[PDB]
Amino acid sequence: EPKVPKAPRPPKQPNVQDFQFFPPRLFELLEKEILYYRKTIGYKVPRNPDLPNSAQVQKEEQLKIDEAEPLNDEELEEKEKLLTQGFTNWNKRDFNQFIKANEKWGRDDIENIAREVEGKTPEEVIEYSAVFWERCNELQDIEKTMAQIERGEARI
Amino acid sequence: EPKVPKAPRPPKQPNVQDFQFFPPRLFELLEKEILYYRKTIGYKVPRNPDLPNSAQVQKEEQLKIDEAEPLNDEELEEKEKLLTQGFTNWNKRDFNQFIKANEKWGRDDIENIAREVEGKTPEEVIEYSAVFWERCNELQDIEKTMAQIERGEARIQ
Ligand SMILES: [Mg+2]
Ligand SMILES: [Mg+2]
């Protein structure tokens, strides 16, 4: 069991993914919603043993919940648009197939990559690839994913 | 927002979907985990002043939380198995394409339904279809969904 359980999130919040490359502003808005949700259910931040200024960390995090407020019409307007500015049509399977195809054919072989990504057209793949190679650093576990593809691309 | 905020769930809980038809026992086990999570974070059930005898309901719910316990070894083993007894490889796009293909070609045209479900072969479609028609009654917006399908099969005549 976690020394500190993961803090709760709004049950009906959108399941946006890192590989969909939405803009960072979207997550700032999502974090506002998460903090407000925590305020509404009376969530209290547990103090963390290690960290020295634990009392300071805990207080900092609680204050963020304490001062949380709903998203106003402006912000709500902004979020709606932001949710269209990502690769909403790319799911986990598309991503995994994209990664395996790159390892197999090399990031250059767009024709073969698209052929192996079942839910996507060459057009969709060229567009996604351009963004992927531009901000894949934002992803998590990429250092391992980049070496994995580099091993296969170089192994060819 | 809701009058009463939705109660918290473990952020790390498996994301099982209704259209994946997992055994109902699995959700009974996931509920035990949700209750233990709520106990674990100190969550308090709010009193819904609009239920009549809301005091009793509140106390009943809070007791379920207060008496919550983690899953034992047996249940942990049962859960791991149940997590493989659903259509784990069927995602939301597969499901949406399946539904639209049934409306577009009729439920018996496996050849065309499979062609339109990009990530599934005809064999996988038959297996899913066999369960779907057995308990699609468990799905959220089924009446509407089924009416539309019965309509597509109607236009086809
Ligand atoms: Mg393709
Ligand atoms: Mg198919």
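Protein chains in written order, with the UniProt record's numbering: chain A, 749 to 904; chain B, 749 to 905. Positions of the beta carbon are idealized from the N, C-alpha and C atoms, including for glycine.
{"query": "Proximal chain A residues relative to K754(B), where beta-carbon distance stays under 8 angstroms", "result": "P758, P759 and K760"}
{"query": "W881(B) burial status per 10 Å Cβ neighbour count (16 or more: buried)", "result": "exposed"}
{"query": "heavy atom of ligand 1 below 6 angstroms from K852(A) C-beta", "result": "no"}
{"query": "Limits of the unbroken alpha helix (DSSP H) element including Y784(A)", "result": "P772 to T788"}
{"query": "Residues within the UniProt domain \"SANT\" (833-885) of chain A neighbouring chain B, beta-carbon criterion of under 8 angstroms", "result": "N839, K840, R841, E866 and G867"}
{"query": "Same chain only: Cβ atoms within 6 angstroms of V764(A), ignoring 5 sequence neighbours per side", "result": "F770"}
{"query": "Residue from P762(B), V879(B), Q806(B) and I904(B) whose Cα sits closest to the Cα of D857(B)", "result": "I904(B)"}
{"query": "Close-in-space but distant-in-sequence residues of the same chain around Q833(B) (CB under 7 angstroms, 5 per side omitted)", "result": "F770 and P771"}
{"query": "Coil, strand or helix - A816(A) by DSSP", "result": "coil"}
{"query": "Test: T893(A) CB closer than 7 angstroms to a CB of chain B", "result": "no"}
{"query": "Top-ranked residue by Cα proximity to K812(B), from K827(B), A895(B) and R786(B)", "result": "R786(B)"}
{"query": "Inter-residue Cα distance where the pair is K827(B) and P797(A)", "result": "32 angstroms"}
{"query": "C-beta contact flag for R757(B) and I782(B) at 7 angstroms", "result": "yes"}
{"query": "Any chain A beta carbon closer than 7 angstroms to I904(B)", "result": "no"}
{"query": "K848(A), DSSP secondary structure in three states", "result": "helix"}
{"query": "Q768(B) beta carbon less than 7 angstroms from that of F846(B)", "result": "no"}
{"query": "Neighbour list for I782(A) in chain B, Cβ cutoff strictly below 7 angstroms", "result": "Neighbours of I782(A) on chain B: none; closest Cβ ~10 angstroms, over 7 angstroms."}
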